[PDB]
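*Asks:* Take this structure, written in structure tokens, and hold onto it; I'll ask about it next.
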Amino acid sequence: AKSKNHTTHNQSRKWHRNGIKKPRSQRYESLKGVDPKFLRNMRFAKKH
Amino acid sequence: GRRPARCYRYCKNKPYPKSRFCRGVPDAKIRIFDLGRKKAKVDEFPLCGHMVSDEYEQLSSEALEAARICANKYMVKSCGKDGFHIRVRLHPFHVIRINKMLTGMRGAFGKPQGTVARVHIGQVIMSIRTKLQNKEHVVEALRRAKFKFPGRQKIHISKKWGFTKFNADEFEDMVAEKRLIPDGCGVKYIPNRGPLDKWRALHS
Amino acid sequence: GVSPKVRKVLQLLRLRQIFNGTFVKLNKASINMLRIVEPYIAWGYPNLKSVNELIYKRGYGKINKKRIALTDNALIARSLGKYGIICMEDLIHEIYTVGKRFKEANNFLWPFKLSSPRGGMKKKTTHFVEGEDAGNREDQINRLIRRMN
Amino acid sequence: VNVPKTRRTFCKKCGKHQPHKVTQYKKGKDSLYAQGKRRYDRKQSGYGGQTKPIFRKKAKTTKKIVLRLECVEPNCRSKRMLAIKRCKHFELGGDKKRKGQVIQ
Amino acid sequence: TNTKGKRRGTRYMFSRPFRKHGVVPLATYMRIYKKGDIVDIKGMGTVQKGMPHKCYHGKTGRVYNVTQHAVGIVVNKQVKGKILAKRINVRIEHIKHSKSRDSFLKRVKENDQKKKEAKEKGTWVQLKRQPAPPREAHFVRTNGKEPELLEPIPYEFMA
RNA sequence: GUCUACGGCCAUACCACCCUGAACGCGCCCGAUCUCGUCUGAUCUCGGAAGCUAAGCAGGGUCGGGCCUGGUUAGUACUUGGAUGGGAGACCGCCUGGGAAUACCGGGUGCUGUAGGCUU
RNA sequence: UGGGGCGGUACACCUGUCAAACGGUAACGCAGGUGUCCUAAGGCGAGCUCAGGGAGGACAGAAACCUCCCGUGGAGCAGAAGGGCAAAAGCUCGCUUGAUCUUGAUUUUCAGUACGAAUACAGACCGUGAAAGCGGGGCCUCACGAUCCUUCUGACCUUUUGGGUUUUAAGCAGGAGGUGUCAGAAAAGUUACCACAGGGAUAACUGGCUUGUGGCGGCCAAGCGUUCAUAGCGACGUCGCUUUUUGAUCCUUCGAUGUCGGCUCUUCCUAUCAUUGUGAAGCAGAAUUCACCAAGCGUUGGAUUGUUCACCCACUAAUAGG
RNA sequence: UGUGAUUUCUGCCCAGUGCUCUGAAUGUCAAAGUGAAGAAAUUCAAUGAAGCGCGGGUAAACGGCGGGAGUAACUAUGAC
RNA sequence: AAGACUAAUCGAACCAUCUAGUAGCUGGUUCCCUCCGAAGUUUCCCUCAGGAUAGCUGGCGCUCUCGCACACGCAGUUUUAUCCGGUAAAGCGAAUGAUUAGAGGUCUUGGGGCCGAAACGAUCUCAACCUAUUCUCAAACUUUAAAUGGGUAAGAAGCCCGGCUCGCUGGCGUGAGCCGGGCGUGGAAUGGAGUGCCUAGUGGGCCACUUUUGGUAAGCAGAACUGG
Ligand SMILES: [Mg+2]
Ligand SMILES: [Mg+2]
Ligand SMILES: [Mg+2]
Ligand SMILES: [Mg+2]
Ligand SMILES: [Mg+2]
Ligand SMILES: [Mg+2]
Ligand SMILES: [Mg+2]
Ligand SMILES: [Mg+2]
Ligand SMILES: [Mg+2]
Ligand SMILES: [Mg+2]
Ligand SMILES: [Mg+2]
Ligand SMILES: [Mg+2]
Ligand SMILES: [Mg+2]
Ligand SMILES: [Mg+2]
Ligand SMILES: [Mg+2]
Ligand SMILES: [Mg+2]
Ligand SMILES: [Mg+2]
Ligand SMILES: [Mg+2]
Ligand SMILES: [Mg+2]
Ligand SMILES: [Mg+2]
Ligand SMILES: [Mg+2]
Ligand SMILES: [Mg+2]
Ligand SMILES: [Mg+2]
Ligand SMILES: [Mg+2]
Ligand SMILES: [Mg+2]
Ligand SMILES: [Mg+2]
Ligand SMILES: [Mg+2]
Ligand SMILES: [Mg+2]
Ligand SMILES: [Mg+2]
Ligand SMILES: [Mg+2]
Ligand SMILES: [Mg+2]
Ligand SMILES: [Mg+2]
Ligand SMILES: [Mg+2]
Ligand SMILES: [Mg+2]
Ligand SMILES: [Mg+2]
Ligand SMILES: [Zn+2]
């Protein structure tokens, strides 16, 4: 009892059938991952 | 032990030559690639006649040797033992695998039985070098040889001088002017760029 | 039995069905597109009479996302007179002489729905050098229009 | 491998580097009054046989080494557990790997 | 079946070109990478620290962070239909500014000027690119000579 | 015209061998008390200024080797898309578009930024 | 799992290629490797040059040791391969222990989850350096493992049940004890006395595609034939047909196509054993050998053996093949 | 429990496995019991049955019962 | 002693109940019209005749906007600029590796030997060997180097002017953030976009051009591209 083992045959039809949507960009992106020592001063500047 | 050659005629698989990855193969049946008075200067044997291919296929070492011998025999019997020089311009670098079924179809990867040579269209297989009064004998020799190969080949005379790469009409003037030197079975072209001490040695 | 890249380029040119037709202006951008869908079309360099016969007979408008016939000039002017186009001839001028306001005049028009060639075609699967119909058949396009219309 | 018997590393009590002494870690007894074995007894008591699995199929041939550090400073006497990659042979404070010499 | 190593299939990419091995010419380091800049990526394999993955070799991105020796970059990636955005930290010697916007910048500045000056004139002149148009009816001179005459040639079995 | 210190681009700047080098420089060069290190003041460190272009460096030369760049090779090899085209097959030709590399033949042989000297 | 069993591990991992110039991409596809090793082979600083080749020097020789010149890496850097490195990442010396303590973010495989491995930052304590600086393991790419349970370390840490004190036990946070069928059950055989649900998703006959092997036949012609390439044979080479041999495959058939051989009976084919009509010889005659038209009529009796095949006796125009 | 009238015979092996004998004189070897420490649960120590090991006997008990080389006045064989 | 007989039943009789025992497996599943309309692929499982996970599909909506004299946003598309790659072909008088033949080298080790006491007196040669040339090769070699391809950019989330805050950094200064003003078409051709819940059936595949691996080949086995 042997079988198929891998295929990427039909898939591009499936992908484009709903589309390939680039991400939704915005202004005022998020500050997740930046340097702590720089982020800190931003607070103090806005705090005064 | 040997098969026919319809099983291995077409250029199907990629090259699989003899190297550190492929080991365990015998040698080839041909070992000599040129015959006749192979020392003659460029002036004695100016005429060249070739055998040319017309297919993209594979030729075996056995075929080359058989062809080599048939031509030598007649060419001797016609002209002489030293009226010519013959050269073969192919080498058997590609290898052939065999799967021997004494499991079935499991673990299929053959053993290196054989060697063979590949051909492109326009390539050259055989060439002869001799004099002009022996033209038709040269043609007759090669014609006996085509019956040893699997395909359709054809014959032509070259405009060149011998096994060189210069046109005959130009060669003879061009050696009497110190551009071409007869250094052996060939020549040596020299341009007007080097250092003059080689222009001093010549012209003296 | 058509390819995705080619299915795209046709439906930009609004050719979503057999024996439809549209005008178009020519530049490096357009011409390369036509090389891509060469085997499926047949194009040419038309004259004035063909522009007349198309628009009057088989020529309709796009209005409110509907398809409405050009019977009177009220329709044209009301939708298209801000460009200085108030009648049929003003289009034909704007089309035949590719004007400044071509885009709007053409996109006002619905793609022409034509009938099959009276008399027959030679062989649609080949180019118009090998006895076929495809590719560019520059001035002979008009000979064909006489028989589709 | 080889490891010397001392070093200087961080004491998480004193807040500094201080010298330590070194010895290998072994494993202790089982104490017989933990909630694990008490359960396993109340369950394994009676008729029924064996109740919880047993392990039989081994693969490993080594063990990760574990060290035990002790601050020499009195009035700290803090200890830690430190770890090393795997090894088949181990040794505390052997030779010094002399270079340039002859081997007989 | 293939493996999952991080450098499978990089014999040539993470390989220095011909007669350019050696130390690094260090105007690479002295460049200035501020926030919002558009950047392309190219893994130098002469130094191994901070180099990105295969999938980002040849991609272009945008800065969001700045460290002492590296940069943070926002890069898109197509993986099974949906596209994702990704934040890879990368060291300097694997990057380079991109000239893929300087053309735009030459225009807007020339275009601002060319509007403001030559505004008093009154004409709204061209300001926006147009494609290559058709090609300008014109004459051709035969300054005397009749043209040459070509024809084909006979075949020859030259080899 | 040119040098010194620091450099960027890293052979149009490299390799071999020959000619010339005014002034300022750069070096060779003379010693080892103290500084310093050597099996050995050869290298490295220090204190010096009798003599010298021999060398290094600078420029220049070679029907020079290499390097940079053109041409030819060649609209060749190969190649996207197409056909109820050929052919026993292997493979070939055509329509629509793109388009290389050797051999061979020519030319060139360091550009410069900052600070400071000589060239009265 | 090219039916299953025996064999192997393609069952968790690494390099190159196949793979069609982003990435990704299969088969019991090719070639190879792993379950380790290191108090330095980790980390800082300084100084120097490798492989080999040439010419010389008391014993000295192909090779001990000394010196000079050339030397773009042609040597080494623990291991498989691949990349990368010259006043280094290599060789040698001096000092040391960033192979330490602690949060969170990202990448890789991927569902965009975990393990593992890796990267760039921040806070501490430190080491080396004149200082810039570098270092939180091995130049990079692989070297490893959940809950439940047990053991150890830590805080003058919470709870132990109506309150208080001491011991024990339970808790919190971090390491280790291990699962190789490597996202993780605790596990030997036989059945010809056997049984059930299913299967043509899968084998033992026919049929079908292929024709390696088996059989039959052409091409050219070095030699045989005393002489004489071709009366008759024919090396080394090469082009083909057939399905009366055995294989490869697994399309139909598992709610059933009755599985060897002899007896019996009919028809058909030709790749002609003989008989009719002819040609050719190394055809004197008689016997024999090659070939052409041709499938009309014939091709037997018996010992042995289950025999298909084999083998011997006897007669016959002949004792041919399917 | 095994062989299977009569006649004539029943060969060697106690290493393996089973069975069997003794045995305080030797390791190991449970509950209860004995004693020391602790505030008490508890811990520690000494003690120590059969059995397993130490040692003997048994094959009409399961069963098992080998290779190389040289060698005889012609060769070949091969008592040695 | 044959696993034979025990009421036509025996490698564990028959009767009732537990009992509608369990079944990842076979067979069956009851009227119409309209509308939309698939997969046979990823990762994990003592997983391979099966489940979970994502993908493919439907339904229910909601926020916006337009030929409403009135706009932004999108895209298996082309263009203009700009980066990435090491496959076809080519190359070996360029590196690694393989290989043929003769000219100038007894380079040079020795000779079935060689004219000879033999030597490098000669003279050859051979396994290799210096110099300049020569015939043929590479899936796991390469200086060179395509065609088709992949990623960015093409403006209001932009440009400019002026001023404020900062334990961050510091020759003086940079950088980031906040405030207040001035300036609208920014290449082609197309069309209405966005966002959120519930959710089924599937999870055995097959063929053709072109590229392509094993095999003598296959209506054979395994893959990439598009279409059926
Ligand atoms: Mg499947
Ligand atoms: Mg193949
Ligand atoms: Mg009619
Ligand atoms: Mg017709
Ligand atoms: Mg078609
Ligand atoms: Mg009990
Ligand atoms: Mg590749
Ligand atoms: Mg001195
Ligand atoms: Mg000088
Ligand atoms: Mg001089
Ligand atoms: Mg030159
Ligand atoms: Mg199985
Ligand atoms: Mg590809
Ligand atoms: Mg150093
Ligand atoms: Mg190191
Ligand atoms: Mg730190
Ligand atoms: Mg209580
Ligand atoms: Mg209490
Ligand atoms: Mg039996
Ligand atoms: Mg055969
Ligand atoms: Mg079958
Ligand atoms: Mg089947
Ligand atoms: Mg199948
Ligand atoms: Mg029946
Ligand atoms: Mg029947
Ligand atoms: Mg016949
Ligand atoms: Mg007995
Ligand atoms: Mg007996
Ligand atoms: Mg015994
Ligand atoms: Mg029985
Ligand atoms: Mg039921
Ligand atoms: Mg089923
Ligand atoms: Mg199942
Ligand atoms: Mg190639
Ligand atoms: Mg679903
Ligand atoms: Zn301490």
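*Asks:* What value, in deg cm²/dmol to 500, does the helix sum -39500 (n - 2.57) over DSSP H runs of n ≥ 4 give at 222 nm once divided by the residues of chain B?
*Replies:* -6000 deg cm²/dmol
*Asks:* Hey, another quick one. Out of the range D:4-57, which trypsin sites (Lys or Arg not before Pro) are coil in DSSP terms and have no more than 15 other C-beta atoms within 10 Å?
*Replies:* Listed in order of number, the matching sites are D:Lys5, D:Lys12, D:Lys13, D:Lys26, D:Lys27, D:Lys29, D:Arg56, D:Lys57.
*Asks:* Using only Cα atoms and rounding to the nearest 10 degrees, what angle (0 to 90) does helix D:35-44 make with the longest principal axis of chain D?
*Replies:* It is inclined by approximately 40 degrees.
*Asks:* Another question, if that's okay. What is the sum of charges around B:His203, taking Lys and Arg as +1, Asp and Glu as -1, for the other residues whose C-beta is under 14 Å from the C-beta of B:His203?
*Replies:* Its environment carries a net charge of +2.
*Asks:* On a 25 Å Cα-Cα criterion, which of the cross-link pairs C:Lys5/E:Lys80; A:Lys37/E:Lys106; B:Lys41/B:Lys159; A:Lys37/E:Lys34 come out too long?
*Replies:* A:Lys37/E:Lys106
*Asks:* Within straight cross-link reach of E:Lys42, meaning Cα distance under 12 Å, which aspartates and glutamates are found once same-chain residues fewer than 8 apart are removed?
*Replies:* List returned: E:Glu93.
*Asks:* On a 26 Å Cα-Cα criterion, which of the cross-link pairs A:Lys32/E:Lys77; D:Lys5/D:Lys79; A:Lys32/E:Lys35; A:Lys14/E:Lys6; D:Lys12/D:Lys60 come out too long?
*Replies:* A:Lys14/E:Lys6; D:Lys12/D:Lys60
*Asks:* Hey, another quick one. In whole Hz, with x marking every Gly and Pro, tabulate ³J(HN,Hα) for the range C:15-20 from phi via Karplus 6.51 cos²θ - 1.76 cosθ + 1.60, θ = phi - 60°.
*Replies:* 10, 10, 5, 6, 6, 10
*Asks:* Less than 9 Å Cβ to Cβ from E:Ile83, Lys/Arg counted +1 and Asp/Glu -1: what total charge do the surrounding residues give?
*Replies:* Residues near E:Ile83 contribute +4 overall.
*Asks:* Additional query: For the range C:69-113 and the range C:4-57, what is the separation of their C-alpha centers, rounded to whole Å?
*Replies:* 18 Å
*Asks:* Separate question: I'd like the distance between the alpha-carbon centres of the range D:57-104 and the range B:85-156, rounded to an integer number of Å.
*Replies:* Comparing the Cα centres of the range D:57-104 and the range B:85-156, I get a distance of 70 Å.
*Asks:* Mind listing which trypsin sites (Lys or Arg not before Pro) in the range E:69-104 are in a DSSP loop and have 11 or fewer other Cβ atoms within 10 Å?
*Replies:* E:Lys80, E:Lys99, E:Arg101
*Asks:* Please report, in debye to the nearest 20, how large the charge dipole of chain E is about its Cα centre when each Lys and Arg carries +1 at its beta carbon and each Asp and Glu carries -1 there.
*Replies:* Its charge dipole is roughly 1520 debye.
*Asks:* If you plug each phi of the range D:2-16 into the Karplus form 6.51 cos²θ - 1.76 cosθ + 1.60 with θ = phi - 60°, what whole-Hz ³J(HN,Hα) values come out, in order, with x for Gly and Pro?
*Replies:* Coupling constants for the range D:2-16: 9, 8, x, 7, 9, 6, 9, 9, 7, 9, 6, 9, 6, x, 7 Hz.
*Asks:* Need the list of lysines near B:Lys12 for cross-linking: C-alpha distance under 27 angstrom, and skip anything on the same chain fewer than eight residues off.
*Replies:* Answer for B:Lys12, where 27 Å is the Cα cut-off: A:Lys4, B:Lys29, B:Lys100, B:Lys111, B:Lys146, B:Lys148, B:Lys154, listed by chain and number.
*Asks:* Mind listing which chymotrypsin sites (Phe, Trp or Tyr not before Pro) in chain D are in a DSSP loop and have 15 or fewer other Cβ atoms within 10 Å?
*Replies:* In loop regions of chain D (DSSP not H, G, I, E or B), the sparsely surrounded chymotrypsin sites (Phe, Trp or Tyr not before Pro) are D:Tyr25, D:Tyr33, D:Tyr47, D:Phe55, D:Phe90.
*Asks:* For C:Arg147 paired with B:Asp197, estimate the spin-label separation in nm (one decimal), with each label point 7 Å from Cα along the Cα-to-Cβ line.
*Replies:* With each label point 7 Å from Cα toward Cβ, the separation is 8.4 nm.
*Asks:* Assigning unit charges at the beta carbon (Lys, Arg +1; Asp, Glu -1) and nothing else, what dipole magnitude in debye, to the nearest 20, does the range C:45-122 show about its Cα centre?
*Replies:* Dipole of the range C:45-122, to the nearest 20 debye: 420 debye.
*Asks:* Next question, about the same structure. Given the -39500 (n - 2.57) contribution per DSSP H run of 4+ residues, what per-residue ellipticity at 222 nm results for chain A, rounded to the nearest 500 deg cm²/dmol?
*Replies:* Rounded to the nearest 500, it is -11500 deg cm²/dmol.
*Asks:* I need the phi-derived Karplus couplings for the range C:119-136: 6.51 cos²θ - 1.76 cosθ + 1.60, θ = phi - 60°, integer Hz, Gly and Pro marked x.
*Replies:* 3J(HN,Hα) across the range C:119-136, in whole Hz: x, x, 10, 6, 6, 6, 7, 9, 7, 8, 10, 10, x, 8, 10, 4, x, 8.
*Asks:* Any idea how far apart A:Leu31 and B:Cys70 come out in nm if each label point goes 7 Å out from Cα toward Cβ?
*Replies:* 9.0 nm
*Asks:* Taking Cα centroids, how far is the range E:73-152 from the range E:21-59 in Å?
*Replies:* A separation of 27 Å, based on Cα centres.
*Asks:* What is the spin-label model distance, in nm, from D:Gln18 to B:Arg118 if the labels are put 7 Å beyond Cα along the C-beta direction?
*Replies:* 7.6 nm
*Asks:* Would you compute, from DSSP H runs of 4+ residues alone, the mean residue ellipticity of chain C at 222 nm, taking -39500 (n - 2.57) per run and dividing by the full residue count, rounded to the nearest 500?
*Replies:* Rounded to the nearest 500, the figure is -11000 deg cm²/dmol.
*Asks:* Tell me the angle of helix E:102-116 to the major Cα principal axis of chain E, expressed in degrees between 0 and 90 and rounded to the nearest ten.
*Replies:* The helix E:102-116 is inclined about 60 degrees to chain E.
*Asks:* Place a point 7 Å from Cα of B:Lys131 in the direction of its Cβ. Which residues in the range B:175-204 have their backbone N less than 19 Å from it?
*Replies:* In the range B:175-204, the label zone of B:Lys131 (backbone N under 19 Å from the point 7 Å along Cα→Cβ) covers B:185.
*Asks:* Charges on Cβ only, +1 for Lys and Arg, -1 for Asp and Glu, centred on the Cα centroid of the protein assembly as shown; of B:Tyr8, D:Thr61, B:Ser158, which one is farthest towards the dipole's positive end?
*Replies:* D:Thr61
All Cβ positions, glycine included, derive from the backbone under ideal geometry; neighbour counts span all protein chains shown. Quick note: the coordinates plus some simple rules give every number you see, no bench work behind them.
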